[PDB]
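Protein chains in written order, with PDB author numbering: chain LB, 5 to 219; chain FB, 2 to 206; chain CB, 50 to 244; chain MB, 2 to 111; chain YA, 2 to 178; chain EB, 355 to 402.
Even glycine gets a Cβ: it sits at the ideal position worked out from N, Cα and C.
Structure first, then comments.
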Amino acid sequence: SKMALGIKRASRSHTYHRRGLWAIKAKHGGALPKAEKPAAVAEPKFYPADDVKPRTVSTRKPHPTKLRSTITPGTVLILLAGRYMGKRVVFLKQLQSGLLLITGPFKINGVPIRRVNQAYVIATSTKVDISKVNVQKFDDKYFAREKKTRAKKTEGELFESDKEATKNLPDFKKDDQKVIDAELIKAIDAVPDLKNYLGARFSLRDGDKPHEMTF
Amino acid sequence: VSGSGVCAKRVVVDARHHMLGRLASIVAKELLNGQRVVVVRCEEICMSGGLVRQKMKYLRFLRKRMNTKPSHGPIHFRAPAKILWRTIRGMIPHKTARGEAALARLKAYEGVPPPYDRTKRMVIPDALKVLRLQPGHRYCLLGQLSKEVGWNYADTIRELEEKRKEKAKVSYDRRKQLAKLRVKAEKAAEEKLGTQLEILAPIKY
Amino acid sequence: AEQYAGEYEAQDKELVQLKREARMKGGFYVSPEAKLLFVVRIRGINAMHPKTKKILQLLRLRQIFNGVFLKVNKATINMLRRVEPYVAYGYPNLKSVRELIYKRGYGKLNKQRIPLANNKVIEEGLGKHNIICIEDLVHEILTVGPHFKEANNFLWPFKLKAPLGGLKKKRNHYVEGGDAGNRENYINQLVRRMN
Amino acid sequence: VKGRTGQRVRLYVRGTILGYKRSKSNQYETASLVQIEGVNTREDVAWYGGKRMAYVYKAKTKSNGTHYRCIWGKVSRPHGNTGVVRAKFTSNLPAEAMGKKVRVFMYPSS
Amino acid sequence: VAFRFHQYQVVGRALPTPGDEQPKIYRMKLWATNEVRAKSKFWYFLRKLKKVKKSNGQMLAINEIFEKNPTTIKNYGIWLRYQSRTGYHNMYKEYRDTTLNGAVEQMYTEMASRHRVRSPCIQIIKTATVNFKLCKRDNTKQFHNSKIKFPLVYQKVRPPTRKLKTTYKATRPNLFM
Amino acid sequence: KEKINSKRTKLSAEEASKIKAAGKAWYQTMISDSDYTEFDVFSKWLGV
RNA sequence: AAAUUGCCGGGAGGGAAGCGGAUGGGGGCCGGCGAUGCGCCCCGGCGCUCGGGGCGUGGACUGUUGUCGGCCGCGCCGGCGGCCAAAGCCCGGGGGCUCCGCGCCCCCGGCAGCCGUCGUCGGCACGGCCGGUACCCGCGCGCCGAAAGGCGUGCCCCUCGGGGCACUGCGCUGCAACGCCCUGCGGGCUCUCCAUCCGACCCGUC
RNA sequence: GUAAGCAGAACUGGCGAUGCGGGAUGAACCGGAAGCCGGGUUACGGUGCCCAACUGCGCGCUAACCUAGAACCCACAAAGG
RNA sequence: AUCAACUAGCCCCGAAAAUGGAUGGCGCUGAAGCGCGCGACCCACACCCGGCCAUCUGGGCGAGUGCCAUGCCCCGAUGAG
Ligand SMILES: [Mg+2]
Ligand SMILES: [Mg+2]
Ligand SMILES: [Mg+2]
Ligand SMILES: [Mg+2]
Ligand SMILES: [Mg+2]
Ligand SMILES: [Mg+2]
Ligand SMILES: [Mg+2]
Ligand SMILES: [Mg+2]
Ligand SMILES: [Mg+2]
Ligand SMILES: [Mg+2]
Ligand SMILES: [Mg+2]
Ligand SMILES: [Mg+2]
Numbered sequence: 005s006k007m008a009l010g011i012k013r014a015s016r017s018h019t020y021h022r023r024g025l026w027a028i029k030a031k032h033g034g035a036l037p038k039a040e041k042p043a044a045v046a047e048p049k050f051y052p053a054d055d056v057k058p059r060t061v062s063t064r065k066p067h068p069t070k071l072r073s074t075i076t077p078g079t080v081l082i083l084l085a086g087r088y089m090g091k092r093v094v095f096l097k098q099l100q101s102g103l104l105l106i107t108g109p110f111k112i113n114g115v116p117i118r119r120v121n122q123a124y125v126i127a128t129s130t131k132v133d134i135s136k137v138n139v140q141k142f143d144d145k146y147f148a149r150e151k152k153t154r155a156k157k158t159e160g161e162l163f164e165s166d167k168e169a170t171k172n173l174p175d176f177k178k179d180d181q182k183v184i185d186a187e188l189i190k191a192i193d194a195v196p197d198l199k200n201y202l203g204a205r206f207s208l209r210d211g212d213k214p215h216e217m218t219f
Numbered sequence: 002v003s004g005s006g007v008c009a010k011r012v013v014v015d016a017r018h019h020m021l022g023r024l025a026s027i028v029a030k031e032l033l034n035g036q037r038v039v040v041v042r043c044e045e046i047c048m049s050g051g052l053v054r055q056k057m058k059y060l061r062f063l064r065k066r067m068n069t070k071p072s073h074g075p076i077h078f079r080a081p082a083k084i085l086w087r088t089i090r091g092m093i094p095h096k097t098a099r100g101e102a103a104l105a106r107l108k109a110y111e112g113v114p115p116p117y118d119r120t121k122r123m124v125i126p127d128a129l130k131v132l133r134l135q136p137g138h139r140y141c142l143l144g145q146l147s148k149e150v151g152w153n154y155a156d157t158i159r160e161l162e163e164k165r166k167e168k169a170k171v172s173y174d175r176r177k178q179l180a181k182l183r184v185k186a187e188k189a190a191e192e193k194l195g196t197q198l199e200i201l202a203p204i205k206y
Numbered sequence: 050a051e052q053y054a055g056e057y058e059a060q061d062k063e064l065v066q067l068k069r070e071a072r073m074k075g076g077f078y079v080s081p082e083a084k085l086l087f088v089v090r091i092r093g094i095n096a097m098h099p100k101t102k103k104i105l106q107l108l109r110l111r112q113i114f115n116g117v118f119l120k121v122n123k124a125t126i127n128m129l130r131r132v133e134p135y136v137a138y139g140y141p142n143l144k145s146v147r148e149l150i151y152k153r154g155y156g157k158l159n160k161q162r163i164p165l166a167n168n169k170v171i172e173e174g175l176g177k178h179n180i181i182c183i184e185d186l187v188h189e190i191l192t193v194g195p196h197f198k199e200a201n202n203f204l205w206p207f208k209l210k211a212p213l214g215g216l217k218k219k220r221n222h223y224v225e226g227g228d229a230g231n232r233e234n235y236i237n238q239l240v241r242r243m244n
Numbered sequence: 002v003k004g005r006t007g008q009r010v011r012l013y014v015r016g017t018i019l020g021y022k023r024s025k026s027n028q029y030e031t032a033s034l035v036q037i038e039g040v041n042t043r044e045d046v047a048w049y050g051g052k053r054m055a056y057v058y059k060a061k062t063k064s065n066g067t068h069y070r071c072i073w074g075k076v077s078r079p080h081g082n083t084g085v086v087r088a089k090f091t092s093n094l095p096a097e098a099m100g101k102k103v104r105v106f107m108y109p110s111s
Numbered sequence: 002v003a004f005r006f007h008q009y010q011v012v013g014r015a016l017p018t019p020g021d022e023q024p025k026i027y028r029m030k031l032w033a034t035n036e037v038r039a040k041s042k043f044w045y046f047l048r049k050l051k052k053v054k055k056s057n058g059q060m061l062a063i064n065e066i067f068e069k070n071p072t073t074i075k076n077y078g079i080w081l082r083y084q085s086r087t088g089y090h091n092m093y094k095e096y097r098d099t100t101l102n103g104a105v106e107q108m109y110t111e112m113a114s115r116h117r118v119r120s121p122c123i124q125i126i127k128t129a130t131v132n133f134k135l136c137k138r139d140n141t142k143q144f145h146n147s148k149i150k151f152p153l154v155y156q157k158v159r160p161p162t163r164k165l166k167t168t169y170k171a172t173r174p175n176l177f178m
Numbered sequence: 355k356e357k358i359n360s361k362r363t364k365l366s367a368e369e370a371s372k373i374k375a376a377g378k379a380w381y382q383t384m385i386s387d388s389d390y391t392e393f394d395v396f397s398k399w400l401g402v
């Protein structure tokens with residue numbers, strides 16, 4: 005219904021409703037409000053020679069990426085790129101930036117609760133029942149890096165010293181993975197053989213055609 | 002013909018009873034694609050058109066020699082392996098680096114010289130006599146053609162292939178026995194596993 | 050646009066009604082021939098007879114794969130008979146006319162070519178002729194109207210794509226297997242691949 | 002085979018680099034031709050259309066800690082009736098590149 | 002499914018003229034590939050038989066005929082006029098096929114093969130169903146027997162679709178009829 | 355979807371009969387064949 | 001200076017070399033080859049700039065993904081109509097054929113399953129190339145909603161679902177997210193050599 | 001003119017002055033005339049290998065113990081069996 | 001069950017030249033020949049969309065916040081020598 009949606013959105017009356025010009029006929033009496041003259045700073049510190057153009061605070065409000073039809077909270081994905089390729093994970097929930105949020109769990113797979121792009125995953129037809137996992141604590145800030153300054157060039161005394169020390173991933177993430185993998189193993193033992201499944205990794209051995217291979 | 006695209010280090014061809022030119026085009030494209038091929042039992046390649054026709058074609062080919070220096074002219078080969086290698090070179094572009102690198106991947110033999118006995122010898126369906134020649138039309142074996150254009154090793158291939166066939170037959174009998182005892186093992190383990198093996202009931206034959 | 054859709058539908062149903070009526074009455078109804086042709090040129094501009102060159106400069110087919118709308122009258126159809134090995138032509142239907150005029154519609158405005166991406170450009174090029182909209186223009190072409198001369202000399206010779214799915218031989222007449230000449234209705238099945 | 006060393010998962014479907022987009026007398030080195038192991042139909046490449054490949058080779062000198070180089074590309078569209086594909090690369094391939102093997106992953110997957 | 006020919010019937014007459022204000026009416030049964038080719042053949046036969054040209058003629062009706070029972074085999078006869086390289090001749094051809102429409106295809110193919118005669122050279126004078134026990138040709142007559150049985154001397158070995166086909170195969174195929 | 359009165363009585367039996375008769379008459383005249391009582395030389399070849 | 005020659009270092013050579021278009025591998029080479037600054041803000045002195053600290057950001061090239069446009073390509077699906085529609089299926093009837101391909105052929109009438117050919121309306125899934133916004137779109141001026149988005153009044157319509165229309169105003173108006181590298185064994189080069197592929201006859205001239 | 005890839009005319013187009021795709025090769029035969037690039041689709045001609053595209057789906061005829069035969073011009077075959 | 005004539009497809013006989021030799025080559029025989037078709041497919045600087053250069057055409061820019069006005073901006077087509 006892409007084009008029916010196009011017309012239904014495109015109606016002048018429906019655009020009145022959508023922009024909500026009522027409740028703009030509410031506040032300023034029985035009429036549409038005036039607008040005024042901002043920008044009375046009158047204090048330019050320096051005058052560029054080129055014709056000046058201000059910063060773009062972008063007013064375009066892009067649509068959200070559409071999560072694939074074959075993705076359900078609880079679906080066993082297939083990672084495809086990066087250090088966890090072949091790893092089979094379980095999809096927790098497609099988070100607010102658009103990226104998928106998956107888990108090993110780390111007790112069996114070594115794949116922590118981590119962010120994965122939707123492009124690099126192949127949803128399998130199997131599901132798990134996980135409506136009693138409490139995932140609300142995960143978001144973009146949990147994962148946002150605050151990547152540090154490039155003044156630290158990794159030298160012969162940094163190489164294994166970072167391995168040998170622990171100034172790394174924090175202990176609240178340590179405890180996090182414990183709570184999620186507990187409440188998710190309690191959901192995996194239900195599905196027979198699934199722990200062994202997830203323990204395996206998908207390998208496209210000889211005589212395997214992906215166009216033929218279902219998932 | 003674009004190739005199979007298969008992944009073997011070497012693919013052998015039991016070239017018994019295949020059309021010379023058809024096997025030659027299939028193999029020539031495999032070489033140009035870059036997959037290393039080895040064709041054996043070339044002494045058996047069947048050619049359409051009767052033996053007398055293939056004869057006169059080859060004896061016309063004998064006339065073609067450089068007048069002022071025969072040592073420089075068309076080099077007429079006799080052995081079936083070299084007949085095949087020339088028929089395939091006529092199909093590969095062999096005056097460029099790509100084409101000569103292609104022919105570097107071809108190795109053609111009469112018989113099956115070791116280590117090509119203990120191996121699976123793959124036949125190319127698009128070229129077999131049964132599938133490309135109507136039964137009852139003239140054909141000749143490149144072994145007979147060379148035996149009559151003067152390749153003096155038809156006998157010496159023949160004793161060696163009699164020896165190789167008997168040495169293969171004894172080992173095939175041994176593998177029959179080993180496979181019937183593997184089959185009794187097949188059923189012995191199946192009867193020892195019950196519901197452990199239900200999942201393979203619908204996808205087995 | 051409402052009453053154009055209405056009358057198109059009425060004409061299409063009415064033809065069926067008269068054909069059944071004539072059959073039940075015993076004889077048969079003979080459809081009233083097409084008033085309009087779509088003509089698209091299918092040969093390059095090299096090695097042409099000069100008469101043919103002038104005829105194609107008047108039919109406005111001055112480059113391979115141009116497609117123009119033509120009235121059927123005796124002068125025009127005997128002008129097509131002269132350049133027949135060079136053209137492919139027939140009787141466009143409603144979808145053909147509308148989607149050509151939308152998807153490939155350009156206007157000879159001030160001798161300049163304007164992409165009719167809005168109703169406005171009609172208002173300047175036409176409108177002295179009581180054509181205000183793209184649907185007015187489509188109608189007044191398809192049901193060949195009194196102002197069809199002006200509503201067609203307004204249009205620019207449609208630039209078509211090369212025929213997807215290929216083509217047959219362009220050297221023979223369609224009857225002999227080729228592409229030139231009448232394909233009376235099949236110019237419909239062709240415009241979908243020239244567009 | 003058993004008790005082997007090498008890669009432990011194949012997440013890519015191997016193929017040969019086949020030539021270029023050629024007429025009978027031209028090359029357009031921009032679009033290469035690629036054969037995938039296992040595709041035998043023009044509509045079987047429908048599922049590969051878009052999936053990304055890598056030409057992996059190795060030069061004479063170390064760079065960034067390796068001899069290995071890799072030039073990236075992707076399956077644009079089908080070519081012919083037997084599942085040969087046309088591949089578009091960031092840089093056009095070497096002509097020694099044809100006959101060698103190229104890796105077709107499934108990354109940009111659907 | 003699709004048929005390369007279709008048996009139309011075309012009905013036409015000369016243009017109205019002051020005398021003979023209802024010119025007489027001609028019907029024909031023509032094979033062609035579509036409408037416009039059937040029409041163009043109709044004017045051919047009414048300009049070499051009835052002295053009427055497309056300019057000085059008018060076409061009133063064209064119907065596409067179809068077949069009664071596509072499910073049953075019908076022994077067809079075709080009486081046909083054709084042009085050899087050095088003259089003209091007249092042939093009679095008996096076919097077994099489920100439709101006259103397929104029989105015409107088979108007949109153009111036979112004239113293009115047995116005699117290198119193309120379509121522009123062939124005319125179908127009369128077509129009819131010559132039911133069994135009255136057929137003339139031996140190759141038609143030899144399928145008029147229940148309790149018929151014959152094995153398949155010619156059977157292409159071929160994978161069911163283009164996917165399942167590879168270039169090397171271990172085993173020489175087992176062919177048996 | 356649930357088998358409502360989807361297209362019901364639209365025309366009566368006398369009309370649906372005469373329409374079928376007119377159609378079959380046109381079919382008879384549309385597949386009608388020639389007499390061939392003209393060509394006295396190719397009678398035996400044409401069968402009539 | 002050039003043609004020409006020697007040594008030194010490198011490169012390549014199966015009956016020419018040279019040239020053009022691709023990149024690939026070698027070299028030689030480029031730091032304007034590629035950034036570290038902007039606002040707020042707290043002193044401590046010299047509202048304005050520098051010295052310290054907190055503060056959100058921010059740079060060449062390159063990669064990926066997303067979302068809108070544009071053009072395009074490919075695949076699958078559903079409805080409608082025309083056609084005498086035809087057909088098998090379900091029932092009924094109607095003729096010749098005489099031992100026959102014989103439980104043979106042909107035709108006509110009823111009915112309420114799917115099934116050609118053109119025409120046409122619609123749904124979607126996939127991909128390829130280009131663009132990325134001063135207007136077309138879009139955003140704020142209200143609330144709810146992290147968010148796609150929803151939310152009002154009055155008329156017309158069928159009246160379930162729900163749909164159509166409506167009064168319209170000010171201003172603003174360069175799409176995003178995350179990366180990789182940063183004096184490097186890096187980046188890429190229009191310079192050099194070489195290999196491979198395609199092209200490729202020796203210029204002036206009657 | 002016996003004819004000529006000959007000599008002289010009529011209508012038009014081409015080459016000359018013009019690249020490019022096809023006819024293996026060719027100034028004028030077939031397609032088609034162009035700024036420099038990215039994307040799509042075609043014309044002529046093709047899909048066994050050289051060589052990009054099917055050893056595709058069909059039906060017939062030919063069996064050549066002469067170099068069977070295999071492209072508009074075009075690189076011929078005749079009378080006759 | 002058959003006898004004779006006529007006819008026309010492919011093949012054959014007719015059919016001979018000198019450097020070794022040319023359906024372009026190899027080869028091809030339910031063809032990879034011949035005749036007719038069907039689905040796709042491959043291929044030009046040709047057709048379409050898009051970017052850019054230039055030529056041409058047609059417009060905009062002063063009680064000037066005003067400009068290499070010989071400039072800038074917009075529209076359209078075209079590009080062989
Ligand atoms: Mg040479
Ligand atoms: Mg296509
Ligand atoms: Mg064509
Ligand atoms: Mg010097
Ligand atoms: Mg030296
Ligand atoms: Mg060079
Ligand atoms: Mg370089
Ligand atoms: Mg898009
Ligand atoms: Mg002179
Ligand atoms: Mg292109
Ligand atoms: Mg090829
Ligand atoms: Mg000017």
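- One alpha carbon belongs to YA/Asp98, the other to FB/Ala102, and they sit about 56 Å apart.
- Judged by DSSP secondary structure, CB/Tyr138 falls within the beta strand (DSSP E) whose first and last residues are 136–139.
- Cβ-Cβ distances below 6 Å link YA/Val105 to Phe6, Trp32 in the same chain, with the five nearest sequence neighbours on each side left out; the list follows chain order.
- C-alpha of FB/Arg17 to C-alpha of FB/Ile46: approximately 5 Å in a straight line.
- Within a 10 Å sphere around the beta-carbon of MB/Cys71 sit fewer than 16 other beta-carbons, which makes this residue exposed.
- Of all residues in the segment 59–78 of chain YA, only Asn64, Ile66 come within less than 7 Å of chain EB when Cβ atoms are compared, listed by chain position.
- A distance criterion of 7 Å places the beta-carbon of CB/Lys218 in contact range of ligand 3, judged by its closest non-hydrogen atom.
- A Cβ-Cβ distance of about 5 Å is found for the pair CB/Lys219 and CB/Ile91, placing them in contact under the 8 Å criterion.
- Taking CB atoms only, YA/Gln10 has a neighbour in chain EB less than 8 Å away.
- Beta-carbon to beta-carbon, CB/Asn244 and CB/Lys152 are separated by about 6 Å, close enough to satisfy the 8 Å threshold.
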